[PDB]
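Provided hereafter are the protein sequence and its experimental coordinates.
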Number of protein chains: 2
Amino acid sequence: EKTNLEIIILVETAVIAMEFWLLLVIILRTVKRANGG
Amino acid sequence: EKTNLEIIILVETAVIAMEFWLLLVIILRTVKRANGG
């Protein structure tokens, strides 16, 4: 079933976007944690 | 070429592991940032 792959690829994309979202997120949230006082 | 897929899957795995590594990392590093004084 090629479908699986089709998803494996689509997911991969959404993944990379996530990784950057995680760091960026934890980066923004954390950064604020500082001035959060 | 099925090779591509073979990689798309392998990567996916390493990916999920990363996502958890990012959060966990930024979680451990950040957590320390607190007691880091």
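Here it is on my side, so go on. Numbers count the residues shown, from 1 in each chain, chains lettered A, B, ... in the order given.

How about the residues of chain A by chain B?
A:5, A:8-9, A:11-12, A:15-16, A:18-19, A:22-23, A:26-27, A:30, A:33-34 (C-beta under 8 Å from any C-beta of the partner chain). (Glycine included, C-beta is placed from N, CA and C.)

Return the subset of those residues lying in helices.
A:5, A:8-9, A:11-12, A:15-16, A:18-19, A:22-23, A:26-27, A:30, A:33-34 (DSSP state H).

quick one, what contacts whichever residue of chain A sits closest to chain B?
Taking C-beta to the nearest C-beta as the measure, chain A has residue A:26 as its residue closest to chain B, at 3.8 Å. Neighbour list for residue A:26: B:22-23, B:26-27, B:30 [criterion: C-beta atoms under 8 Å, 6 or more residues apart in numbering or on different chains].

can we see that at 10 Å?
Neighbouring residues of residue A:26 by C-beta atoms under 10 Å, 6 or more residues apart in numbering or on different chains: A:33, B:22-27, B:29-30.

Would you show me how to pick out the buried ones of these in PyMOL?
Buried residues within those, by 16 or more other C-beta atoms under 10 Å in any protein chain shown, are selected in PyMOL with:
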select buried, chain B and resi 22+23+26+30
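
ok, the contacts of residue A:26 vs residue A:1, which is closest?
Nearest to residue A:1, judged by C-beta to C-beta, of these is residue B:22 at 30.9 Å.

Can you tell me which residue is spatially central in chain A?
Centrality entry for chain A: nearest residue to the mean C-alpha point is residue A:18, 1.3 Å, by C-alpha atoms, centre = their mean.
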